[PDB]
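Some notes on the structure that comes next.
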Amino acid sequence: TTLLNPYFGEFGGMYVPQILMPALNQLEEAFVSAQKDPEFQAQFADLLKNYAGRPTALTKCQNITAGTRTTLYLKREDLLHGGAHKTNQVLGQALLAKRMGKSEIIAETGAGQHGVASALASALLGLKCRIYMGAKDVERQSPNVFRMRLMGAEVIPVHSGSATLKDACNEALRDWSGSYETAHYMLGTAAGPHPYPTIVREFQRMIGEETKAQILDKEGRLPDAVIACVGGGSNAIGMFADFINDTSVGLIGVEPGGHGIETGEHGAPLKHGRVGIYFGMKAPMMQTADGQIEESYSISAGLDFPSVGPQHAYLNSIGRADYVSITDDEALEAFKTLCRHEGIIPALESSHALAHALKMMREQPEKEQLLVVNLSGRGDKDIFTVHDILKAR
Amino acid sequence: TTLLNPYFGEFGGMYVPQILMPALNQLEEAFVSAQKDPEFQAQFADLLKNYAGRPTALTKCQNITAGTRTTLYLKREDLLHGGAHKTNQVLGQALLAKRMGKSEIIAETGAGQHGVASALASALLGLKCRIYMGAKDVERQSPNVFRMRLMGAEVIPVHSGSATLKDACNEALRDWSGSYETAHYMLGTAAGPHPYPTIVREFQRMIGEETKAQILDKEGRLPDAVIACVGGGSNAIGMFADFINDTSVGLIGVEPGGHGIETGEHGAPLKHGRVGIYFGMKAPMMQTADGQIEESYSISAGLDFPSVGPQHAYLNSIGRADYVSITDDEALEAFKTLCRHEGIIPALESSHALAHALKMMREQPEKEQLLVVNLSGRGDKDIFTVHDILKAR
Amino acid sequence: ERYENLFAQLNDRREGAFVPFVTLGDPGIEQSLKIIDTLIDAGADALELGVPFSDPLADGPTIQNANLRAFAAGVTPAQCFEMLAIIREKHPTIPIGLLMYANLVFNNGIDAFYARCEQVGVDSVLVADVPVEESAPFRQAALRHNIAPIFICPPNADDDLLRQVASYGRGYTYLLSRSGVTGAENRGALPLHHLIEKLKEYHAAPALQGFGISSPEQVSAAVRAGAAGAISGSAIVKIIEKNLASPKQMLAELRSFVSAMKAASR
Amino acid sequence: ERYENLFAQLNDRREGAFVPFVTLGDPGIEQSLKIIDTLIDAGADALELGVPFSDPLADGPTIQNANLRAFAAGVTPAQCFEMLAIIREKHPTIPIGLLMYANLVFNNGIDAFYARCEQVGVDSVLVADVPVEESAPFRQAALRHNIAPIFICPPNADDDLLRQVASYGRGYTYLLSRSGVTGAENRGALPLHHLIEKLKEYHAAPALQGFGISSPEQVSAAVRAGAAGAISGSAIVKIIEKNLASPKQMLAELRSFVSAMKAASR
Ligand SMILES: Cc1ncc(COP(=O)(O)O)c(C/N=C(\CN2CCc3ccccc32)C(=O)O)c1O
Ligand SMILES: Cc1ncc(COP(=O)(O)O)c(C/N=C(\CN2CCc3ccccc32)C(=O)O)c1O
Ligand SMILES: O=P(O)(O)OC[C@H](O)[C@H](O)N1CCc2ccccc21
Ligand SMILES: O=P(O)(O)OC[C@H](O)[C@H](O)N1CCc2ccccc21
Ligand SMILES: [Cs+]
Ligand SMILES: [Cs+]
Ligand SMILES: [Cs+]
Ligand SMILES: [Cs+]
Ligand SMILES: [Cs+]
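The listed protein sequences correspond, in order, to chains B, B', A and A'. A prime marks a further copy of an entry chain. Positions 2 to 394 (the entry's author numbering) are the ones given, in order, by the first sequence. Positions 2 to 394 (the entry's author numbering) are the ones given, in order, by the second sequence. Positions 2 to 267 (the entry's author numbering) are the ones given, in order, by the third sequence. Positions 2 to 267 (the entry's author numbering) are the ones given, in order, by the fourth sequence.
Have a look at this one:
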């Protein structure tokens with residue numbers, strides 16, 4: 002029994018060991034209560050505005066779309082304190098955690114942006130933060146490991162499995178299984194067991210709400226399409242949510258194509274996986290024929306995850322939202338293009354969203370279209386990784 | 002002959018080879034003209050708002066001042082696109098450069114934040130950017146060298162002299178001497194020959210104007226004091242400017258004390274130097290008895306400069322503004338404190354401003370005071386430098 | 002009706018059950034089959050057997066490494082069912098319980114899974130990541146194919162959960178000794194007396210305590226608390242891990258442990 | 002009145018001036034004094050001498066390194082004035098011009114600086130980073146102590162500047178061959194005929210071209226353009242740099258160069 006619907010059509014649920022069900026029910030209750038609480042909302046609002054830096058800018062590109070009839074705006078979540086959209090929802094979850102009398106936070110991280118957000122929120126609001134991060138990501142997203150540790154968070158390298166996000170997720174959940182009484186699990190994406198996909202969306206929805214208000218002011222109408230990368234679905238659903246009932250507005254999610262879908266080394270379960278049960282949810286999974294969970298791959302640590310949030314699987318199934326993939330090389334080109342022609346360094350995750358938007362424009366340059374890319378974060382963390390790759394060429 | 006006063010009392014002037022005087026006069030003319038131009042102002046405004054991310058937040062600290070009667074706000078220039086206040090004025094100067102038909106930019110950098118700002122503005126607005134940076138700073142502020150180069154700027158290591166900001170300044174000016182017809186010298190601070198100290202202040206004054214409006218809304222009154230670090234004086238004068246005629250408002254500048262003023266290894270010419278002529282201006286200089294320019298030292302590359310802007314020397318001489326120093330170790334402690342108790346990673350430059358504000362509070366904890374620290378930038382660039390130091394301990 | 006018959010025989014003998022767990026195919030198919038025969042011979046009242054899964058979320062490193070050893074041996078779910086059939090052929094009456102993760106059950110159809118279970122002579126299935134709230138198609142398909150669906154009664158169980166576990170489950174109730182994940186080092190200390198009596202009140206299948214049981218004293222304590230027996234997993238698996246290079250000494254040490262654990266159940 | 006006498010003697014002889022520059026104390030005080038005597042002996046009409054400064058903003062690497070060599074030798078402004086006095090003692094009539102940066106002049110008082118200049122027998126001072134706009138206390142103190150204040154006429158000079166340089170300057174006008182900083186490799190190509198005639202019209206002190214003059218052809222061209230002569234700095238200093246280990250060959254190569262450069266001035 003739950004207060005809210007755990008499912009999005011077939012997808013979602015609460016597939017956790019029985020031991021964690023009361024934790025999840027307590028969290029859902031706290032959330033429903035907080036959402037109705039004007040004091041919680043004012044405090045959340047205050048942190049978002051005066052601490053995080055909201056509203057973020059909506060930037061019109063005026064170089065990269067030259068010679069085409071595409072008008073492109075970037076929603077500047079890269080400008081948010083911490084350097085990614087991740088900060089929005091961790092601030093809400095941290096308030097919920099305190100509201101439930103918890104003094105410790107458990108988080109997983111891949112890009113290290115959620116980690117950094119979990120650490121900064123915990124420093125601010127007086128929580129003891131421990132962070133699980135795959136050994137591979139500790140290395141390829143190193144700047145964020147320094148940032149996290151400087152802010153007093155414990156960072157725990159995970160060497161198991163693919164040594165990436167999936168494996169960090171494993172350890173975080175295993176930990177929480179034994180610590181839920183004292184620790185709140187600050188899940189970093191719109192995935193996992195109910196109520197997380199719902200909570201993460203509601204604590205990210207200001208992205209799309211601001212975008213709507215901003216684009217109306219600048220353009221006098223809604224976007225033709227909003228475009229966002231999909232790691233587990235938080236930034237995309239944050240962008241999409243307020244636009245779902247606006248049927249003219251295309252909703253486009255971009256999964257990591259990795260080295261190529263045909264290689265199997267990708268992170269695109271929504272379009273190239275198969276429904277399964279894992280990480281607390283029934284959702285599209287990369288899995289073997291036997292039902293073992295496949296390891297994913299992406300150049301982008303924040304997208305390198307073999308599953309995806311249930312509301313996206315849902316929104317796709319009914320054809321409300323459309324999902325595509327962009328490869329490493331496509332994402333890199335878009336990374337370079339933004340750097341050199343708009344003076345903005347995007348996260349390699351965000352670069353996937355931009356790459357597809359650039360494809361939309363390039364494929365049909367005389368098609369009149371007003372596009373918004375959610376620039377989920379900045380690429381300071383990717384600096385060395387990108388350098389090492391380009392040098393190797 | 003000039004349109005505007007080149008001097009602040011005894012300080013300022015235009016001490017350049019005769020060859021560069023027409024460049025400076027052309028620049029002053031372009032500036033006076035642009036300032037009266039509603040189209041220039043609207044475009045500048047547009048870039049600041051929709052591209053840079055202004056207004057920046059004014060964040061109330063609610064941990065670090067616990068147990069004291071100090072209320073501390075941070076003006077969040079660390080949230081600005083690029084990651085420092087530097088971005089404000091480079092966007093104005095870049096517009097001026099175009100307005101003067103220039104297609105190339107020359108800039109010096111120490112922290113690499115002005116460099117990054119000059120590179121990003123040049124990418125955006127279609128200028129060819131070359132950047133002079135001392136070899137020492139290339140190393141201790143490496144993240145910014147990557148950032149600059151990714152954005153298509155040429156970065157030129159300077160090995161001459163102290164291999165820091167001073168020496169980068171030398172090379173930039175020497176270059177401009179031979180390229181002024183095609184290249185605009187985007188000076189990075191409120192120093193150098195007229196009209197730069199005046200232009201940089203006017204293109205940074207929104208910091209103090211926003212701060213004023215923000216503090217009035219939150220507190221119903223003006224600050225007791227605004228506090229800012231002084232590398233060459235841009236962020237501080239940006240903060241100070243709108244508060245100069247508010248005589249109740251204390252204006253406090255913080256020079257790098259380095260290893261200790263008594264060591265001679267510091268960057269505090271305003272309080273511990275001697276008036277001289279160099280870098281196009283008559284200003285406080287670190288100089289030998291013979292009148293040779295001394296090399297400065299600071300843990301902070303962005304403050305490691307043996308001189309200071311003329312308006313600060315002026316504002317000090319008349320006792321409008323007060324200047325102090327903070328050492329490396331003081332700045333580091335403040336760096337750690339903000340990281341771990343407010344969840345904000347400041348630049349080591351900014352940390353000097355914060356350190357003094359923390360001293361104001363700690364020295365007299367029962368003194369009721371409302372303080373604003375200009376948090377000029379974020380400390381992503383200092384991450385490894387700070388780590389390497391703390392590890393060594 | 003192997004669980005019903007066992008608990009009837011054990012109560013008749015005023016005795017608790019000892020249930021060892023192993024991962025099927027750890028460290029290889031042949032040695033694992035030998036391991037299982039040794040577990041029975043040493044006095045196992047029932048067996049709990051794990052199908053190697055890629056991401057065992059309810060498991061600490063000991064069993065995590067049991068899954069990996071099996072995978073290193075190339076062990077698939079399909080080869081596990083061949084083993085089970087072979088095990089059932091040799092031992093007609095011993096209850097066999099499976100420890101599953103949901104995806105392995107759901108993968109090629111929940112009904113298809115339980116039908117195969119029955120086909121090979123499995124008696125019960127525990128799905129670690131399927132709480133009572135999500136169990137409907139799982140427990141229905143189980144019952145359709147004469148398999149007992151197993152449910153965990155956690156230490157933090159409220160009354161409504163207790164009554165759900167009592168009604169939904171069959172064969173045995175899994176009484177969880179503590180929060181956390183599997184592990185012989187982490188021992189459950191919290192008294193379970195309150196839960197056992199409530200489960201007996203609601204006529205739940207006989208309770209077996211599991212998680213952190215690695216010593217005979219914990220088996221006896223479990224029995225004296227009113228439980229129908231005790232389950233040891235990680236403790237068993239640690240002996241496999243420790244003796245990988247000494248296959249004969251492995252079975253020797255396993256026999257000793259099971260025999261000691263079973264003795265304490267009396 | 003050494004400049005007045007020189008230009009009178011040169012015009013009488015239908016001849017242009019050759020003015021070599023060196024940094025005082027490069028590579029050491031002794032060798033530098035020898036260098037200067039060799040420059041004169043080989044036919045220098047006047048001398049331009051630099052006081053080692055920490056940050057020579059109008060100088061390319063060649064002279065940058067001349068300043069550094071001097072500093073490596075421990076050369077101070079005070080030791081430079083000892084040299085000048087010694088140089089003037091030996092050569093009573095040769096005009097001596099100083100190349101200064103502002104801070105060295107301003108340091109212990111502008112008046113004090115020029116008074117010392119006079120005391121040692123210096124004839125002119127060029128302050129590289131003091132444009133006509135900032136020159137008032139500099140040119141006043143110069144004139145007070147019978148020193149010629151020197152001003153640069155750049156290629157981008159307008160009429161108002163020309164008239165300012167003509168009125169404010171004395172001894173000689175510094176005619177800048179090109180924008181940029183000092184350097185023998187970077188040669189000025191832009192015609193200066195327009196500036197020379199305007200300076201003559203406004204009765205400016207005789208013009209000497211400087212910056213990038215490193216060959217006799219450039220000296221002659223300068224003279225034929227109507228200039229009173231030519232200044233070579235970096236070219237001279239490069240011979241010092243090249244022959245640091247061969248002190249005798251240095252003076253030999255210097256004599257050859259100056260002699261060749263002076264010949265072309267006729
Ligand atoms: C800048 C940036 N942009 C996009 C994403 C992708 O995540 P979405 O949730 O928006 O789809 C990231 C992701 N970064 C991280 C990985 N997150 C946190 C936990 C998690 C589980 C499963 C999938 C994705 C995530 C991270 O920073 O930890 C990003 O940084
Ligand atoms: C984040 C940050 N905060 C303060 C300062 C100090 O400069 P102010 O001009 O605000 O006093 C910096 C400085 N960073 C740089 C050095 N700048 C640019 C050119 C220059 C000449 C002389 C003195 C200071 C400077 C830089 O990023 O290049 C900073 O980054
Ligand atoms: O391994 P220990 O002794 O802690 O007991 C648990 C045991 O492993 C268990 O019976 N079985 C095996 C793996 C697993 C996962 C969830 C629930 C039960 C089990
Ligand atoms: O060195 P070159 O031949 O380019 O000519 C310039 C010469 O160096 C000059 O006369 N003198 C020495 C250094 C300096 C700096 C500014 C103006 C004049 C000089
Ligand atoms: Cs903002
Ligand atoms: Cs366009
Ligand atoms: Cs994914
Ligand atoms: Cs306070
Ligand atoms: Cs300074």
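Even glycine gets a Cβ: it sits at the ideal position worked out from N, Cα and C.
Partners in chain B for residue i, counting only beta-carbon separations shorter than 8 Å
i                  : result
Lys213 of chain B' : Result: empty, since nearest Cβ-Cβ is about 16 Å, beyond 8 Å.
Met152 of chain B' : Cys340, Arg341, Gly344, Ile346
Paired residues, beta bridge with residue i - DSSP
i                  : result
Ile148 of chain A  : According to DSSP, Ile148 of chain A bridges with nothing at all.
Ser308 of chain B  : B:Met286
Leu316 of chain B' : The partner list for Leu316 of chain B' (beta bridge, DSSP) is empty, contrary to what the question assumes.
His185 of chain B' : B':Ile106
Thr60 of chain B   : B:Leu75
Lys129 of chain B' : B':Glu105
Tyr175 of chain A  : A:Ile153, A:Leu209
Interface partners of residue i on chain A, CB under 9 Å
i                 : result
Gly277 of chain B : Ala103, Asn104, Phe107, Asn108
Contacts that residue i makes with chain B' (C-beta to C-beta distance below 9 Å)
i                  : result
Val133 of chain A' : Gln19, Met22
Where residue i meets chain B, residues with beta-carbon distance less than 7 Å
i                 : result
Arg77 of chain B' : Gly54
Best match in the options for proximity to residue i [C-alpha to C-alpha]
i                  : options                                    : result
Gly83 of chain B   : B':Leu25, B':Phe385, B':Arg379             : B':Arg379
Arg275 of chain B' : A':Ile237, A':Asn104, A':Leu99             : A':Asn104
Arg148 of chain B  : B':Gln365, B':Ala354, B':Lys337, B':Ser377 : B':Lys337
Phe306 of chain B  : B:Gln215, B:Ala354, B:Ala169, B:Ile384     : B:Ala169
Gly189 of chain A  : A:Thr174, A:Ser178, A:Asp46                : A:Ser178
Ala142 of chain A  : A:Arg117, A:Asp159, A:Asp161               : A:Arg117
Listed by chain order, chain A residues near residue i by CB distance under 8 Å
i                 : result
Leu174 of chain B : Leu58
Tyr16 of chain B  : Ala103, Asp130, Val131, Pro132, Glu135
Short Cβ contact (8 Å threshold) for residue i with residue j
i                  : j                  : result
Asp225 of chain B' : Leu371 of chain B' : yes
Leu97 of chain B   : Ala192 of chain B  : no
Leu73 of chain B'  : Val374 of chain B' : yes
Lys35 of chain A'  : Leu252 of chain A' : yes
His146 of chain A' : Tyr115 of chain A' : yes
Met207 of chain B' : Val227 of chain B' : no
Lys249 of chain A' : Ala185 of chain A' : no
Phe22 of chain A'  : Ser233 of chain A' : yes
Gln312 of chain B' : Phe9 of chain B'   : yes
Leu59 of chain B   : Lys76 of chain B   : yes
Contacts of residue i in chain B' (Cβ-Cβ under 7 Å)
i                : result
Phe45 of chain B : Result: empty, since nearest Cβ-Cβ is about 15 Å, beyond 7 Å.
Proximal residues of chain B', C-beta to C-beta of residue i below 8 Å
i                 : result
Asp27 of chain A' : Correct list: empty, because the minimum Cβ distance to chain B' is about 16 Å.
Inset, instruction - Let me know the beta strand (DSSP E) ranges lying completely inside the segment 325-374 of chain B', each 3 residues or longer, listed in chain order. - result: Whole beta strand (DSSP E) segments, 3+ residues: zero.
Inset, instruction - Run through the segment 6-44 of chain B' for me and flag every whole beta strand (DSSP E) of 3 or more residues, listed as ranges in chain order. - result: Here the runs fully enclosed are 12-16.
Inset, instruction - Only counting runs of 3 or more residues, tell me where the beta strand (DSSP E) segments fall wholly within the segment 225-253 of chain A, in order along the chain. - result: Runs of the beta strand (DSSP E) lying entirely within the segment 225-253 of chain A, each at least 3 residues long, are 230-233 in chain order.
Inset, instruction - Could you name each continuous beta strand (DSSP E) segment of 3 residues or more that falls completely within the segment 252-298 of chain B, going from the start of the chain to the end? - result: Taken in chain order, the whole beta strand (DSSP E) runs of length 3 or more contained in the segment 252-298 of chain B are 275-279, 281-286.
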